[PDB]
Amino acid sequence: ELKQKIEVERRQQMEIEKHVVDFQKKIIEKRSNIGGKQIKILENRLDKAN
Amino acid sequence: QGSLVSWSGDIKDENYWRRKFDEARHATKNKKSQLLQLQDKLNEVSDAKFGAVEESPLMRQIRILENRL
Amino acid sequence: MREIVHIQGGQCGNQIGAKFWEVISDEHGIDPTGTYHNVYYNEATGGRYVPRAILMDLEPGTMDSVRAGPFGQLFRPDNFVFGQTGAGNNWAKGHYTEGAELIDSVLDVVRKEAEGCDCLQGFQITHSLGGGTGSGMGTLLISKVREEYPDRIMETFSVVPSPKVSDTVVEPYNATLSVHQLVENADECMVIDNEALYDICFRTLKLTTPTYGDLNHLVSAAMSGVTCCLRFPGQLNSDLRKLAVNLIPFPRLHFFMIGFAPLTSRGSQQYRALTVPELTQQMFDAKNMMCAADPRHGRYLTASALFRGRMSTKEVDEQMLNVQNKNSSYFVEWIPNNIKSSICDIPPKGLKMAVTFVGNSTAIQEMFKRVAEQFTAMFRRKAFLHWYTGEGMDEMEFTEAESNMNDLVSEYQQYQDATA
Amino acid sequence: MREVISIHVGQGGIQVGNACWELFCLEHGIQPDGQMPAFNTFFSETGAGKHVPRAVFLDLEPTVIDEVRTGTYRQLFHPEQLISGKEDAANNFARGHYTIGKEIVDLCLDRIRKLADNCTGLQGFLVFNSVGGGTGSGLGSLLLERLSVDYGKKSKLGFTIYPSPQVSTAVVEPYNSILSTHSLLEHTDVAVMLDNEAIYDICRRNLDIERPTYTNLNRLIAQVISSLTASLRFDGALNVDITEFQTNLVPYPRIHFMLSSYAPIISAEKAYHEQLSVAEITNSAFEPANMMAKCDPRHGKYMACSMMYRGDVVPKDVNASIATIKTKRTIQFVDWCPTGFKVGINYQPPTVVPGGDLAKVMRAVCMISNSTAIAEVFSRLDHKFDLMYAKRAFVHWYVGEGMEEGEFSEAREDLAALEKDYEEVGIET
Amino acid sequence: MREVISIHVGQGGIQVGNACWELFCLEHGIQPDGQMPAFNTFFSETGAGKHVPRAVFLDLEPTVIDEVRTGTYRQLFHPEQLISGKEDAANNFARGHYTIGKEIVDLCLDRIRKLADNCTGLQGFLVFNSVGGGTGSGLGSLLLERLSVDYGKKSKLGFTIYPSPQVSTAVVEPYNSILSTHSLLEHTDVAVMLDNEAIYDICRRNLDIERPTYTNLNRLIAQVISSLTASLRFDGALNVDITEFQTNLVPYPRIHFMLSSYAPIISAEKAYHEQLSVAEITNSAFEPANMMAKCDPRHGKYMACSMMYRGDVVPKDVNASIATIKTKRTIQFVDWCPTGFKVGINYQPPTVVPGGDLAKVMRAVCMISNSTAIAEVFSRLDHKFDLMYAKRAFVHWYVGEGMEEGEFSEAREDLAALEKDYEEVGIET
Ligand SMILES: Nc1nc2c(ncn2[C@@H]2O[C@H](COP(=O)(O)OP(=O)(O)OP(=O)(O)O)[C@@H](O)[C@H]2O)c(=O)[nH]1
Ligand SMILES: Nc1nc2c(ncn2[C@@H]2O[C@H](COP(=O)(O)OP(=O)(O)OP(=O)(O)O)[C@@H](O)[C@H]2O)c(=O)[nH]1
Ligand SMILES: Nc1nc2c(ncn2[C@@H]2O[C@H](COP(=O)(O)OP(=O)(O)O)[C@@H](O)[C@H]2O)c(=O)[nH]1
Ligand SMILES: [Mg+2]
Ligand SMILES: [Mg+2]
């Protein structure tokens with residue numbers, strides 16, 4: 001009888017879950033991408049010349 | 001007669017519901033982890049990361065004091 | 001303090017009250033003799049503790065039988081409101097001709113027991129909906145006490161017509177007549193049915209030779225566990241009104257299903273462990289309810305849990321968090337944190353833990369609709385009517401009772417799925 | 001001189017106060033007898049040379065009340081400071097603020113009336129009301145109202161326990177909390193918030209005990225409060241002022257909801273194996289996992305921060321830790337407050353309770369900060385409140401007790417005004 | 001000043017580290033209690049005046065891990081430096097580098113993060129990963145990757161144990177080893193190789209014990225490592241520099257896989273009957289039977305050699321032994337390095353362990369050499385890898401774990417690039 005509602009819900013949620021799986025893939029790729037102090041010592045370099 | 005056919009149909013409905021719950025909760029938890037990691041990404045990516053070491057004010061100090069010396 | 005008065009009704013309610021007083025005596029260390037070897041008892045010279053328990057009924061054979069069994073000396077000889085004719089499975093008999101002349105004996109005795117206390121926080125009724133006496137007489141007592149005392153909270157441990165068979169031929173008539181006068185003046189109807197009670201004593205408990213005293217002991221252990229959070233200490237205590245608030249968001253959907261735990265096989269009572277995750281498994285298991293309505297065929301408007309025993313609060317927190325996490329849409333999501341939790345600090349007699357789950361959900365509406373269906377069937381075709389109509393009742397009231405039941409259930413169902 | 005009063009109203013506040021006093025006696029050297037084999041701030045004179053605390057345990061439900069009056073700590077409290085009701089507030093605000101509040105309010109006011117008459121140099125109040133229940137919401141609101149309309153000039157530091165982020169011991173928490181926030185604004189001059197999730201995480205994966213319970217939680221809060229009040233109790237190197245707390249942590253009277261933190265929380269089993277340096281503790285100090293409440297340190301831009309050092313602390317490690325935390329980018333402050341740091345040194349180490357998971361160490365630090373992250377707790381409470389208010393739930397439980405319906409909304413956008421200001425004050429220029 | 005960190009990842013590295021620390025305590029005078037009745041490099045401060053090592057024992061299979069945490073050496077290690085997995089890597093590289101590696105990598109990085117924060121003057125890393133198993137291959141590869149992408153500037157000396165020449169405790173050794181060699185190139189700045197056959201021969205016909213076992217092997221490796229780290233631990237005559245080790249033993253960043261040797265390895269039963277002169281030991285020093293790894297001394301033309309003298313050593317016997325070894329034709333050096341000898345004198349004799357086959361003698365020397373013979377081990381590993389890759393074996397075990405197939409080949413010709421350079425650098429002009 002009334003099952004097609006829950007079947008289309010399952011299809012929706014499965015597309016959305018695999019879609020956020022794609023999301024996760026994209027974000028791990030960008031993390032791997034981004035995976036790729038001297039000012040004070042330069043002041044020290046200035047001290048000597050002055 | 002039809003009452004047992006309805007019984008079997010409702011066993012199918014119970015299985016189907018139970019399933020929908022499993023997958024809905026998987027979806028939630030997956031999304032929560034994904035949002036966690038995405039916010040970690042947006043804060044780890046610095047706003048001065050392109051110039052990994054730039055400090056332009058002190059670069060100006062550098063150049064002007066070099067001219068001075 | 002925060003008193004209770006235990007009025008009974010019908011042979012069902014009488015037996016259940018007898019065994020409930022048995023359980024509470026055996027828990028508080030009270031003999032059948034009435035000593036200690038006040039939230040429920042009263043002081044009596046000579047060192048006695050009398051239960052302020054009133055037994056009213058239209059027949060005395062029940063009265064005699066409850067006096068005869070053990071723990072009979074508990075009830076004092078005035079609270080035996082004696083009926084001599086019997087309503088004879090007739091709501092008209094039990095509610096109009098014999099009601100309107102037993103009301104006032106019961107009024108004098110309930111004023112007796114009510115002035116006996118200082119603060120009567122709540123009542124206590126156990127009766128039937130199908131038996132003429134139980135149903136009519138009981139809902140009439142409810143109407144009367146709710147007429148004079150509008151500030152108390154009303155509570156009925158109510159048995160309904162059984163699904164597979166009707167216990168008395170006019171179960172539908174008496175049941176709709178009881179609910180029609182139950183909805184507005186009864187504040188918490190714990191719905192129980194003899195058949196589901198049979199199921200829970202049969203399935204996981206090995207009981208092959210059951211008895212009415214046994215079902216009474218089961219439901220009385222549950223009835224003691226629902227309120228045992230009151231008379232005892234605890235890290236996080238509650239009452240009848242914190243429970244009522246956290247249970248009803250509307251004054252109508254206030255009928256509750258109840259379960260109590262733990263309950264396992266005895267021959268297998270050693271092989272299993274015994275932990276609070278196992279308690280959650282035990283009663284969030286569908287089959288552990290005491291009503292012929294699997295709640296997972298509906299939705300939980302809200303649900304409350306009351307622990308017994310001293311373990312941590314990390315427990316109850318992860319408890320209702322985990323259960324909401326998977327059986328979310330088994331609840332209703334339009335209300336935040338729909339599970340309430342409290343702790344009583346004392347474990348049961350001889351065991352380690354106890355848990356009582358109470359639920360304001362929308363799966364008893366089908367129980368109500370099956371009652372109304374049986375009613376309407378016998379009702380248009382006029383089955384078993386002169387017993388009600390020759391005793392100063394008209395079917396205009398039957399029509400309105402049926403329609404009122406239907407109105408209740410229509411709200412139940414639309415509140416099941418109301419979301420925003 | 002300095003005396004401080006503590007109300008422990010509700011069932012949460014009363015147990016927090018039970019632990020507070022059970023720790024205070026063992027710290028000051030008081031045995032539960034009321035006998036002792038400085039204490040000026042907490043302990044009074046009885047003419048026989050012994051001490052009765054200046055605090056009141058108030059609650060509608062009398063269960064924990066007879067628990068304390070027939071437990072083991074009976075000899076401390078005065079029978080005048082324990083009043084019981086025979087009913088509850090049903091977890092709704094109206095039964096604790098409108099119906100059952102009125103006959104207890106004047107008794108509590110007379111008791112604290114005479115108690116503020118008793119002590120000479122009152123300096124502040126501490127209201128302990130877990131708002132989740134009807135008492136800790138409504139009766140605590142009314143208590144704070146009366147405290148502010150009678151006393152007024154004196155500071156009030158509320159350790160209110162909100163409804164937890166997603167866990168809850170009651171369903172009608174969202175109503176009776178938003179309604180208490182109204183009175184919580186004006187009356188609670190400074191409000192140090194509490195929630196449950198963070199102390200649960202701390203007790204589970206910080207002391208390595210596998211079931212955290214409320215007695216341990218209240219003991220731990222009492223230890224935090226001991227680190228708080230040590231400065232006034234015992235003598236320190238650079239003593240701080242609790243009225244300086246307000247003038248330095250309240251940049252605007254609109255932003256005074258503040259959060260806290262404590263270090264070190266470590267078992268003896270890792271205390272024997274850790275060095276726990278003065279500079280090292282200042283890192284776990286602002287650690288986001290160490291956080292005591294549901295606030296994110298990088299959510300809020302710190303507007304004011306007070307550090308409470310106790311034990312063997314030398315000032316220059318403190319001063320260099322301030323430098324390193326202000327250097328590294330993981331922390332940031334509001335631009336309008338270029339220096340939002342205030343520190344207080346104390347030569348009293350934390351005292352130890354027998355039977356506690358807590359470890360004795362040389363140095364302890366307690367953080368208390370006015371930031372802008374708390375608005376997330378605010379909006380999260382508003383979540384549940386709107387989800388319940390949109391559908392009429394439990395409305396009758398509130399209106400059938402002398403309450404009008406519009407107070408729900410007025411409190412909702414009242415806390416929304418906090419959320420607005422808390423993000424309007426902490427921006428750039 | 002100089003501190004050195006040691007990871008013992010896998011089941012081989014973890015037992016090697018068990019023996020390393022069990023020898024380090026008995027040498028420095030530390031009892032297994034953590035109590036001692038210099039040590040700067042290995043032993044830290046706990047504020048109670050006692051020592052916890054700066055090392056982490058990491059392994060997917062938790063067996064040896066609970067072995068060490070409920071054995072007799074529990075009092076040394078910190079509970080923060082022992083993390084366990086509940087599964088393995090199935091001896092394949094993909095399960096240790098792709099699937100199960102990722103949730104342990106960040107925990108290990110946080111532990112060494114805080115540990116490098118703990119010690120002040122870090123000078124080098126020592127990765128102990130027997131590559132034969134999935135953990136010691138993949139998780140060790142990923143650990144070295146993260147170490148090099150976070151630290152970078154600091155030297156890394158890997159004591160990796162390859163799949164043995166023909167013996168093997170696993171069949172899928174050829175896959176998960178060639179794949180680790182890729183990361184082993186860049187990350188392991190200098191890689192002192194290990195194999196099993198040569199230490200087996202040494203333990204059998206050098207200490208005269210007739211069954212050599214892994215506990216004896218790890219003890220012996222720990223003795224070699226003691227001779228290695230004595231220069232920084234204790235004061236010597238002409239102290240050497242571990243960053244001089246790199247600048248003198250890495251003529252090109254392409255040739256940094258180096259082998260070792262130790263003298264004397266003799267029982268007491270022949271130590272009482274032998275003279276064991278300073279010049280005499282320098283002969284067994286370059287003895288090909290004494291060789292510690294599967295390398296042939298006359299296969300490689302020595303490009304760099306560091307000698308580690310410890311005990312009562314006078315420099316001129318050292319200088320004359322260098323002369324005699326450079327005179328006789330049996331040894332030869334690369335023409336481009338006319339002088340490829342670096343020596344380091346140390347006045348600390350080797351300490352003795354109770355219950356060891358090893359004998360106490362006056363003079364000990366340890367050889368560590370960058371030569372071109374290691375390419376034979378390389379080609380010999382390539383033998384098994386190609387023999388398995390030509391027929392599809394265990395390919396599913398690798399690809400069903402987030403791994404592509406081409407990495408097998410890319411690692412094969414990666415190690416082939418080493419074999420090529422190692423013979424292109426050591427020719428005439
Ligand atoms: N931190 C802490 N919180 C507590 C403790 N005891 C209770 N609480 C909190 O208090 C909340 C309820 O607040 P209360 O006002 O005390 O509840 P109540 O006393 O039953 O109030 P009524 O509903 O009017 O009877 C619960 O949700 C708990 O989270 C405690 O010992 N420590
Ligand atoms: N020298 C030495 N080598 C060892 C020792 N223990 C194990 N090995 C070597 O380690 C090799 C396997 O490496 P591992 O990574 O530790 O194997 P594993 O721990 O089972 O790895 P998984 O397969 O992922 O479970 C074996 O072939 C041994 O030769 C040891 O105590 N000393
Ligand atoms: N649980 C329980 N139910 C009972 C017991 N005895 C009777 N009942 C139920 O109660 C109903 C009878 O109602 P009741 O009012 O007592 O009958 P009446 O006195 O003749 O009007 C029947 O439907 C029975 O199923 C009992 O001992 N235990
Ligand atoms: Mg209360
Ligand atoms: Mg392994």
# chains A, B, ... in the order shown; residues from 1 in each chain; ligands from 1

call {"tool": "residues_near_ligand", "arguments": {"ligand": "ligand 5", "cutoff": "6 Å", "atoms": "only C-alpha atoms and all ligand atoms", "output": "ChimeraX atom specification"}}
result
/E:10-11,60-61,88,133,135

call {"tool": "write_last_selection", "arguments": {"atoms": "C-alpha atoms", "output": "JSON list (two decimals), in the first residue's frame"}}
result
[["chain", "number", "residue", "atom", "x", "y", "z"],
["E", 10, "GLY", "CA", 56.01, -2.05, 14.39],
["E", 11, "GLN", "CA", 56.70, -5.28, 16.22],
["E", 60, "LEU", "CA", 49.09, -1.91, 15.42],
["E", 61, "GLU", "CA", 49.18, -5.33, 17.08],
["E", 88, "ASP", "CA", 46.96, -5.12, 12.20],
["E", 133, "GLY", "CA", 55.10, -6.23, 8.44],
["E", 135, "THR", "CA", 52.67, -1.64, 10.39]]

call {"tool": "select_by_dssp", "arguments": {"residues": "segment 134-354 of chain D", "states": "strand (DSSP E)", "output": "VMD selection string"}}
result
chain D and resid 155 to 158 190 to 192 257 to 263 304 to 311 341 to 346

call {"tool": "closest_residue", "arguments": {"among": "C:154, C:393, C:63, C:170", "to": "residue 185 of chain C", "atoms": "only C-alpha atoms"}}
result
C:154

call {"tool": "residues_near_ligand", "arguments": {"ligand": "ligand 1", "cutoff": "8 Å", "atoms": "only C-alpha atoms and all ligand atoms", "output": "ChimeraX atom specification"}}
result
/C:235-239,242 /D:9-16,59-61,87-93,95-96,129-137,161-164,168-170,173,194-196,214-215,217-218,221

call {"tool": "residues_around", "arguments": {"residues": "segment 22-33 of chain A", "least_positions_apart": "6", "cutoff": "12 Å", "atoms": "only C-alpha atoms", "output": "ChimeraX atom specification"}}
result
/A:15-16 /B:30-45 /E:102,149

call {"tool": "residues_around", "arguments": {"residues": "residue 98 of chain E", "least_positions_apart": "2", "cutoff": "8 Å", "atoms": "only C-alpha atoms", "output": "PyMOL selection string"}}
result
chain E and resi 94-96+100-102+138+401-403

call {"tool": "residues_around", "arguments": {"residues": "residue 68 of chain B", "least_positions_apart": "5", "cutoff": "10 Å", "atoms": "only C-alpha atoms", "output": "ChimeraX atom specification"}}
result
/A:49-50 /B:62-63

call {"tool": "closest_atom_pairs", "arguments": {"of": "chain C", "to": "chain B", "cutoff": "12 Å", "atoms": "only C-alpha atoms", "output": "JSON lines"}}
result
{"residue": "C:294", "atom": "CA", "partner": "B:14", "partner_atom": "CA", "distance": 11.8}
{"residue": "C:296", "atom": "CA", "partner": "B:14", "partner_atom": "CA", "distance": 9.2}
{"residue": "C:297", "atom": "CA", "partner": "B:14", "partner_atom": "CA", "distance": 8.7}
{"residue": "C:298", "atom": "CA", "partner": "B:17", "partner_atom": "CA", "distance": 11.7}
{"residue": "C:322", "atom": "CA", "partner": "B:25", "partner_atom": "CA", "distance": 11.2}
{"residue": "C:323", "atom": "CA", "partner": "B:25", "partner_atom": "CA", "distance": 11.6}
{"residue": "C:324", "atom": "CA", "partner": "B:25", "partner_atom": "CA", "distance": 10.4}
{"residue": "C:325", "atom": "CA", "partner": "B:25", "partner_atom": "CA", "distance": 7.1}
{"residue": "C:326", "atom": "CA", "partner": "B:25", "partner_atom": "CA", "distance": 6.4}
{"residue": "C:327", "atom": "CA", "partner": "B:21", "partner_atom": "CA", "distance": 7.2}
{"residue": "C:328", "atom": "CA", "partner": "B:21", "partner_atom": "CA", "distance": 8.0}
{"residue": "C:329", "atom": "CA", "partner": "B:21", "partner_atom": "CA", "distance": 7.6}
{"residue": "C:330", "atom": "CA", "partner": "B:21", "partner_atom": "CA", "distance": 8.9}
{"residue": "C:331", "atom": "CA", "partner": "B:21", "partner_atom": "CA", "distance": 11.7}

call {"tool": "write_last_selection", "arguments": {"atoms": "C-alpha atoms", "output": "CSV table (one decimal), in the first residue's frame"}}
result
chain,number,residue,atom,x,y,z
C,294,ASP,CA,3.5,-1.6,19.9
C,296,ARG,CA,7.0,1.8,17.2
C,297,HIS,CA,3.9,1.7,15.0
C,298,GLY,CA,3.4,5.3,16.1
C,322,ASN,CA,21.8,7.0,22.3
C,323,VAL,CA,18.2,6.1,22.2
C,324,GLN,CA,17.2,9.4,20.6
C,325,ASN,CA,20.1,9.0,18.2
C,326,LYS,CA,18.8,5.8,16.6
C,327,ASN,CA,15.1,5.7,17.3
C,328,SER,CA,14.7,9.4,16.5
C,329,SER,CA,11.7,9.3,14.1
C,330,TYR,CA,10.3,6.7,16.3
C,331,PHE,CA,9.8,9.7,18.6

call {"tool": "atom_distance", "arguments": {"atom1": "atom CA of residue 9 of chain B", "atom2": "atom CA of residue 199 of chain C"}}
result
23.5 Å

call {"tool": "closest_residue", "arguments": {"among": "D:119, D:4, D:198, D:139", "to": "ligand 4", "atoms": "only C-alpha atoms and all ligand atoms"}}
result
D:139

call {"tool": "residues_around", "arguments": {"residues": "residue 19 of chain C", "least_positions_apart": "4", "cutoff": "10 Å", "atoms": "only C-alpha atoms", "output": "PyMOL selection string"}}
result
chain C and resi 13-15+23-25+66+69-71+212-221

call {"tool": "write_last_selection", "arguments": {"atoms": "C-alpha atoms", "output": "PDB file, in the first residue's frame"}}
result
ATOM      1  CA  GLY C  13      -8.890  -2.960  40.750  1.00  0.00           C
ATOM      2  CA  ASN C  14      -9.456  -4.655  44.098  1.00  0.00           C
ATOM      3  CA  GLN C  15      -7.031  -7.506  43.371  1.00  0.00           C
ATOM      4  CA  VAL C  23       4.422  -5.225  47.392  1.00  0.00           C
ATOM      5  CA  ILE C  24       4.754  -1.918  49.228  1.00  0.00           C
ATOM      6  CA  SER C  25       4.563  -3.655  52.618  1.00  0.00           C
ATOM      7  CA  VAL C  66      -9.305  -9.608  49.151  1.00  0.00           C
ATOM      8  CA  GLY C  69      -5.759 -13.515  51.234  1.00  0.00           C
ATOM      9  CA  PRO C  70      -2.513 -12.541  52.951  1.00  0.00           C
ATOM     10  CA  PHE C  71      -1.770  -8.910  53.834  1.00  0.00           C
ATOM     11  CA  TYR C 212      -4.141 -13.386  38.528  1.00  0.00           C
ATOM     12  CA  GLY C 213      -2.098 -12.846  41.683  1.00  0.00           C
ATOM     13  CA  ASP C 214       0.970 -13.144  39.460  1.00  0.00           C
ATOM     14  CA  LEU C 215      -0.162 -10.474  37.012  1.00  0.00           C
ATOM     15  CA  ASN C 216      -1.145  -8.353  39.992  1.00  0.00           C
ATOM     16  CA  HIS C 217       2.366  -8.765  41.430  1.00  0.00           C
ATOM     17  CA  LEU C 218       3.886  -7.735  38.096  1.00  0.00           C
ATOM     18  CA  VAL C 219       1.767  -4.621  37.596  1.00  0.00           C
ATOM     19  CA  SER C 220       2.169  -3.730  41.290  1.00  0.00           C
ATOM     20  CA  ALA C 221       5.941  -3.885  41.056  1.00  0.00           C
TER      21      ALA C 221
END

call {"tool": "residues_near_ligand", "arguments": {"ligand": "ligand 3", "cutoff": "9 Å", "atoms": "only C-alpha atoms and all ligand atoms", "output": "number ranges by chain"}}
result
C: 9-16, 57-59, 62, 86-91, 94, 127-138, 159-162, 166-168, 171, 192-195, 197, 211-216, 219

call {"tool": "closest_residue", "arguments": {"among": "D:17, D:37, D:140, D:62", "to": "chain C", "atoms": "only C-alpha atoms"}}
result
D:62

call {"tool": "closest_atom_pairs", "arguments": {"of": "chain D", "to": "chain E", "cutoff": "7 Å", "atoms": "only C-alpha atoms", "output": "JSON lines"}}
result
{"residue": "D:273", "atom": "CA", "partner": "E:46", "partner_atom": "CA", "distance": 5.9}
{"residue": "D:274", "atom": "CA", "partner": "E:46", "partner_atom": "CA", "distance": 5.4}
{"residue": "D:275", "atom": "CA", "partner": "E:46", "partner_atom": "CA", "distance": 4.3}

call {"tool": "write_last_selection", "arguments": {"atoms": "N, CA and C atoms", "output": "mmCIF file, in the first residue's frame"}}
result
data_model
loop_
_atom_site.group_PDB
_atom_site.id
_atom_site.type_symbol
_atom_site.label_atom_id
_atom_site.label_comp_id
_atom_site.auth_asym_id
_atom_site.auth_seq_id
_atom_site.Cartn_x
_atom_site.Cartn_y
_atom_site.Cartn_z
ATOM 1 N N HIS D 273 54.190 11.328 36.691
ATOM 2 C CA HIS D 273 54.979 11.154 35.476
ATOM 3 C C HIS D 273 55.058 12.442 34.661
ATOM 4 N N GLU D 274 54.344 13.485 35.080
ATOM 5 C CA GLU D 274 54.405 14.750 34.362
ATOM 6 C C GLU D 274 55.210 15.787 35.142
ATOM 7 N N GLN D 275 55.814 16.716 34.397
ATOM 8 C CA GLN D 275 56.563 17.805 35.013
ATOM 9 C C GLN D 275 55.644 18.921 35.491
#

call {"tool": "atom_distance", "arguments": {"atom1": "atom CA of residue 362 of chain C", "atom2": "atom CA of residue 180 of chain C"}}
result
17.9 Å

call {"tool": "interface_residues", "arguments": {"of": "chain D", "to": "chain B", "cutoff": "12 Å", "atoms": "only C-alpha atoms", "output": "short mmCIF file (atom, residue, chain, number, x, y, z; two decimals) with N, CA and C atoms, in the first residue's frame"}}
result
data_model
loop_
_atom_site.label_atom_id
_atom_site.label_comp_id
_atom_site.auth_asym_id
_atom_site.auth_seq_id
_atom_site.Cartn_x
_atom_site.Cartn_y
_atom_site.Cartn_z
N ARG D 298 37.94 29.82 20.10
CA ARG D 298 38.12 30.57 18.86
C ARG D 298 36.80 31.11 18.34
N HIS D 299 35.68 30.72 18.95
CA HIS D 299 34.43 31.41 18.65
C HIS D 299 34.43 32.82 19.21
N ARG D 329 49.23 32.88 17.28
CA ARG D 329 48.04 33.31 16.56
C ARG D 329 46.78 32.56 16.97
N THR D 330 46.91 31.42 17.64
CA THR D 330 45.75 30.59 17.94
C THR D 330 44.79 31.30 18.89
#

call {"tool": "interface_residues", "arguments": {"of": "chain D", "to": "chain C", "cutoff": "7 Å", "atoms": "only C-alpha atoms", "output": "list in words"}}
result
residues 63, 64, 86, 90, 91, 166, 167, 168, 169, 170, 171, 172, 211, 212, 213, 214, 384, 387, 388, 393, 394, 396 and 397 of chain D

call {"tool": "write_last_selection", "arguments": {"atoms": "C-alpha atoms", "output": "mmCIF file, in the first residue's frame"}}
result
data_model
loop_
_atom_site.group_PDB
_atom_site.id
_atom_site.type_symbol
_atom_site.label_atom_id
_atom_site.label_comp_id
_atom_site.auth_asym_id
_atom_site.auth_seq_id
_atom_site.Cartn_x
_atom_site.Cartn_y
_atom_site.Cartn_z
ATOM 1 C CA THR D 63 14.567 15.406 49.523
ATOM 2 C CA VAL D 64 18.179 16.598 49.328
ATOM 3 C CA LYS D 86 6.202 20.427 50.508
ATOM 4 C CA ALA D 90 6.798 21.023 38.167
ATOM 5 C CA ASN D 91 9.862 22.149 36.146
ATOM 6 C CA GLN D 166 21.355 18.385 23.661
ATOM 7 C CA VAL D 167 21.136 16.173 26.763
ATOM 8 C CA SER D 168 18.399 17.047 29.227
ATOM 9 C CA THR D 169 16.974 15.780 32.510
ATOM 10 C CA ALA D 170 13.691 17.512 31.615
ATOM 11 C CA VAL D 171 11.847 18.331 28.407
ATOM 12 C CA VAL D 172 10.357 21.707 29.436
ATOM 13 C CA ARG D 211 31.763 6.911 35.176
ATOM 14 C CA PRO D 212 31.581 10.579 36.214
ATOM 15 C CA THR D 213 28.864 11.258 38.787
ATOM 16 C CA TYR D 214 27.226 14.330 40.307
ATOM 17 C CA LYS D 384 14.802 24.402 21.804
ATOM 18 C CA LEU D 387 11.019 24.521 18.611
ATOM 19 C CA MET D 388 8.731 24.095 21.628
ATOM 20 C CA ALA D 393 3.727 22.521 24.060
ATOM 21 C CA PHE D 394 3.463 22.731 27.871
ATOM 22 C CA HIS D 396 -0.950 25.227 29.742
ATOM 23 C CA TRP D 397 1.491 24.177 32.480
#

call {"tool": "atom_distance", "arguments": {"atom1": "atom CA of residue 410 of chain D", "atom2": "atom CA of residue 175 of chain D"}}
result
11.6 Å

call {"tool": "residues_around", "arguments": {"residues": "residue 242 of chain E", "least_positions_apart": "6", "cutoff": "10 Å", "atoms": "only C-alpha atoms", "output": "tab-separated table (two decimals) with N, CA and C atoms, in the first residue's frame"}}
result
chain	number	residue	atom	x	y	z
E	2	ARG	N	71.88	18.36	23.63
E	2	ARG	CA	71.52	17.37	22.62
E	2	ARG	C	70.55	16.34	23.17
E	123	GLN	N	68.03	17.09	18.46
E	123	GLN	CA	69.10	16.98	17.47
E	123	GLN	C	68.88	15.91	16.42
E	124	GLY	N	68.01	14.94	16.65
E	124	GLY	CA	67.82	13.92	15.65
E	124	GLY	C	66.76	12.91	16.03
E	155	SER	N	67.80	15.87	11.45
E	155	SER	CA	68.26	14.63	10.85
E	155	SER	C	67.43	13.45	11.35
E	228	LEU	N	77.07	3.88	19.78
E	228	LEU	CA	76.76	5.00	18.90
E	228	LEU	C	76.52	6.30	19.68
E	229	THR	N	75.72	6.23	20.74
E	229	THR	CA	75.30	7.43	21.48
E	229	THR	C	76.20	7.77	22.67
E	231	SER	N	79.13	9.00	22.61
E	231	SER	CA	79.83	10.26	22.36
E	231	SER	C	79.06	11.46	22.89
E	232	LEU	N	77.73	11.43	22.74
E	232	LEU	CA	76.93	12.55	23.22
E	232	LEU	C	76.55	12.36	24.68
E	248	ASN	N	79.77	14.32	6.66
E	248	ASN	CA	80.93	13.52	6.28
E	248	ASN	C	80.56	12.17	5.68
